[PDB]
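**Q** Experimental coordinates for this protein are included below, preceded by the sequence.
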Amino acid sequence: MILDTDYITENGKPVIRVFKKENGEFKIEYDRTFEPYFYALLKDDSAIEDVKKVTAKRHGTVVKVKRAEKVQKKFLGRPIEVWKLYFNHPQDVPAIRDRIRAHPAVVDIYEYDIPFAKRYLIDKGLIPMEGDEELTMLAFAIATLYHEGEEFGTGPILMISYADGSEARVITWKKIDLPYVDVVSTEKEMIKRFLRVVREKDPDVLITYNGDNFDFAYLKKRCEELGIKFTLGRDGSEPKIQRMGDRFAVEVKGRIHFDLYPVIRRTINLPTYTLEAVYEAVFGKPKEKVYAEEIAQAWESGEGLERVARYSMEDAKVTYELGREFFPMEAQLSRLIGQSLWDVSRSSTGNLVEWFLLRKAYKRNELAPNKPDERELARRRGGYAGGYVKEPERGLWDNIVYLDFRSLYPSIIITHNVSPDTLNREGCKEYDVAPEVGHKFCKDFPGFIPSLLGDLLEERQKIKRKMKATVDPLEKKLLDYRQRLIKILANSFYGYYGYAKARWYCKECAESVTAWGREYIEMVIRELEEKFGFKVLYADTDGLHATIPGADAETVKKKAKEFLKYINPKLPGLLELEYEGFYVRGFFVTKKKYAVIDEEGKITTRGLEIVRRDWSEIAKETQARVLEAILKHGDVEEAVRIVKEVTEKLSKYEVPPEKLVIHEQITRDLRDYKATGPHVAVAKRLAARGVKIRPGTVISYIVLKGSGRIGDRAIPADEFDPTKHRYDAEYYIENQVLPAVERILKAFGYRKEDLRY
DNA sequence: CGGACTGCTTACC
DNA sequence: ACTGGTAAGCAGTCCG
Ligand SMILES: [Ca+2]
Ligand SMILES: [Ca+2]
């Protein structure tokens, strides 16, 4: 299997490395045969020498076009011949481009921003993570003596924990008499050991939890301030601290640094993303968090260091088990997208999509359109019509069928050949005119995106067939990841169309996909209500909830199945309606907010404060019970009673504080904020004390007793002390518990005043 | 000024 | 930073 690619500068020339593992051994295949390239379009072909006259001033010597050649390519299908200007070293590519472009002879520059290492893998047609090879992994984690708003590295590392299949051990420089602890002389000695342990083990993968933005950055500052060759790489290299927008990433050249945080953060929805949280969320088992006030008092005292050690070890053990679970599927994405596990795991859907296109575009001899200019991005800042959302028939209904189109937007993109290279073509024999947007789509040649989207779905069925066959549960797991990911990559293409930063941006394409969506869902609802006696209780983009009011469950089901048999043949191309749920009873509140309970008793909840992570657990828990009380059981009184108890408990300060915690994400740079919420207020106060409240940070806080602004009474959850200051029973009554409960109970002719204690 | 409007902000579907 | 459509609350805005 191939791990990743980079290049070293062997005596002026660049040498491409292909880090791999085959025959149970790690190899480094070098390659000096590859040369950088970049496409240019001149107005008059003859004057290629005049353009080649353009040199570029670089920090290291001078640079000029090593060679050139006319390449017969295509651009949005329409053939286009271009000058492919080669270069001696790739670092000269970004120097001589702003000049080579600006030149009045050259029309435009194309494919100038693709990294050399990644470019090689695209052209050679090599696929990271292929073929069954067992990769050894090693998890590691650190415990530091943190104080309030110190400089990052000022505190020394007390412990370093590591974990793998065989064991989990702790390296520290204070006497802790436990079998899994290794006591060194000093902090410098603890690290010097940890570095041996890695080397002696020689693992392919290094697993961390937020290792990119903390653990690796911290160890460097320590190793720097102590004078240590922090050499973790197989080539004996120090870790690279490369930047990635608001955050950084960390490269261990020779090994795969797998940081779980960006994966976990982008895969599971949780209020907090503490390692203690995700372990419970993924595995079910609990995990104790030994805090900094504890860690410090232990170090300073020497008293309870055995407890601080159990934490250090667990942190690693957990970190390893999370890695061993998530790494498999992230490896399948490495193969699918065509770039490294390192890149893939740190990338957005926009990038993973764009990397998929660049690869399939090369194979197809399609010249990749450039990322948008600062001016261009603002030129394409115009929103469009989205999905249809029917205003719900509010109330408590019985016997609901839920119908929805199988993969709507991708089915529309393939069926109507919605591509940027099929949009308003010159003299196609056959054309598809989109309903409201009016944009015509050519039907003579399969479009670039539709074609690939076709192949993806084509393959997803090949993989789901090989699954039913595959006897090995290990293969049946790895096959499932492949097809589950393909489906996500498939439904991502419409969004990539509407994405201003995207290479293959197409406002017309996006607007037309949604436009058809509306045509079809509305025509189903119309047929379902007219041709058949159904009442559509609710709908949203591609699905609907319906019933025959008086009818029984058996009848609803039959007549619903009858409808599919009727409608589906009248629908065009890949568009096909599906029966995907029956519910004994259902409760629709507002657009986006509703709950159902199936024949077997499982309540499904959508939109309501229960599922929202910016609501106190008591409000959510309260709503959840005052919702079960009306659905699972038909006792509207029970809900009245439940609400009346949860109020008095809050009134008599008997509700545990943990349940009163309110989580809100800080989205942008704190200074940029216009208006101040309670969660911004807390962030601005913590910023004065030098807490790292950066974009992506979650503000956990409790509202304290008083009056005026809710934000000026807001303190961090960590810093709540029952003895010192109490909580605001008025807030968690009037602003949380009562509202969420009244949403459900308002339909049963109850007032808010009624439910209070 | 004690109410109703309106804009900012977050997280959901 | 993959989209648009939507609920809902905080904390200011207007106005008689
Ligand atoms: Ca549903
Ligand atoms: Ca579906």
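**A** Thanks, I have the structure now. Numbering: from 1, shown residues only, chains lettered A, B, ... in the order given. Ligands and ions are numbered 1, 2, ... in the order given.
**Q** and stretch A:435-444, which residues are buried?
**A** Buried positions in stretch A:435-444, judged by neighbour count with 16 or more other Cβ atoms under 10 Å: A:437, A:439-443. Bear in mind the C-beta positions are built from the backbone N, C-alpha and C, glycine included.
**Q** Next, see if that stretch gets close to DNA strand C.
**A** No - Stretch A:435-444 stays clear of DNA strand C (Cβ under 7 Å from any atom of the strand), getting no nearer than 11.2 Å.
**Q** Let's have the buried residues of stretch A:435-444 in CSV, adding secondary structure and distance to residue A:48.
**A** What follows is the buried residues of stretch A:435-444, written out as CSV (DSSP: H, G, I helix; E, B strand; the rest coil; distance: Cβ to Cβ, whole Å):
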residue, secondary structure, distance to residue A:48
A:437, coil, 42
A:439, coil, 38
A:440, strand, 38
A:441, strand, 37
A:442, strand, 34
A:443, coil, 39
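**Q** and chain A, which of its residues are near DNA strand B?
**A** Within chain A, the positions near DNA strand B by Cβ under 7 Å from any atom of the strand are A:269, A:540, A:592, A:605-607, A:611-614, A:663-668, A:673-675, A:677, A:679-680, A:698.
**Q** Could you write me a ChimeraX select line covering just the buried ones among these?
**A** Here is the ChimeraX command that selects the buried residues among these (16+ other Cβ under 10 Å):
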select /A:540,605,663,664,666,679,680,698
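**Q** What about the residues of chain A next to DNA strand B, which are in strands?
**A** Per DSSP state E, strands hold the following members of these: A:540, A:605-606, A:663-665, A:698.
**Q** in the stretch 551-700 of chain A, which spans are strands?
**A** Secondary structure of the stretch 551-700 of chain A, counting by DSSP state E, counting those that start in this stretch: strands at A:577-590, A:593-598, A:603-606, A:662-665, A:698-703.
**Q** residues near whatever residue of the stretch 601-750 of chain A ends up closest to DNA strand C, how many?
**A** At 3.0 Å from DNA strand C, residue A:711 is the closest residue in the stretch 601-750 of chain A, using Cβ to the nearest atom of the strand. When counting by other Cβ atoms under 10 Å, one arrives at 17 neighbours for residue A:711.
**Q** Go ahead and confirm it touches residue A:675.
**A** No - shown here, residue A:711 and residue A:675 do not form a contact pair, counting by Cβ atoms under 8 Å, at 10.5 Å.
**Q** Residue A:29 reaches residue A:22, doesn't it?
**A** No - counting by Cβ under 8 Å, residue A:29 stays clear of residue A:22, with 9.7 Å between them.
**Q** Run the chain-centre distance for stretch A:22-29.
**A** How far stretch A:22-29 lies from its chain's middle: 32 Å, per Cα atoms, centre = their mean, to the nearest Å.
**Q** what's in contact with it?
**A** By Cβ atoms under 8 Å, 6 or more residues apart in numbering, the residues outside stretch A:22-29 that reach it are A:1, A:17-21, A:131, A:133-134, A:202, A:204, A:234-235, A:254.
**Q** Try it again at 10 Å.
**A** Applying Cβ atoms under 10 Å, 6 or more residues apart in numbering, the external contacts of stretch A:22-29 come out as A:1-3, A:5, A:16-21, A:131, A:133-136, A:202, A:204, A:234-235, A:254-255.
**Q** Buried residues in that stretch, which are they?
**A** If you call a residue buried by 16+ other Cβ under 10 Å, then stretch A:22-29 has these buried ones: residue A:26.
**Q** Tabulate the CA atom coordinates of it in PDB.
**A** Below are the C-alpha coordinates for stretch A:22-29, written out as PDB (Å, rounded to 0.1, in the frame of the first residue of the first chain):
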ATOM      1  CA  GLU A  22       4.600  -3.800   0.800                       C
ATOM      2  CA  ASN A  23       5.600  -7.500   1.800                       C
ATOM      3  CA  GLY A  24       5.300  -6.400   5.500                       C
ATOM      4  CA  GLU A  25       8.200  -3.900   5.100                       C
ATOM      5  CA  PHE A  26       8.400   0.000   4.800                       C
ATOM      6  CA  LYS A  27      10.000   1.100   1.500                       C
ATOM      7  CA  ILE A  28      10.900   4.700   0.200                       C
ATOM      8  CA  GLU A  29      10.700   4.600  -3.700                       C
END
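**Q** if we can go back for a sec, out of the contacts of stretch A:22-29, which sit inside helices?
**A** Among these, DSSP state H puts none in helices.
**Q** Could you find the closest non-adjacent residue to residue A:399?
**A** Nearest residue to residue A:399 in three dimensions, chain neighbours excluded: residue A:556, at 4.2 Å (Cβ to Cβ, 6 or more residues apart in numbering).
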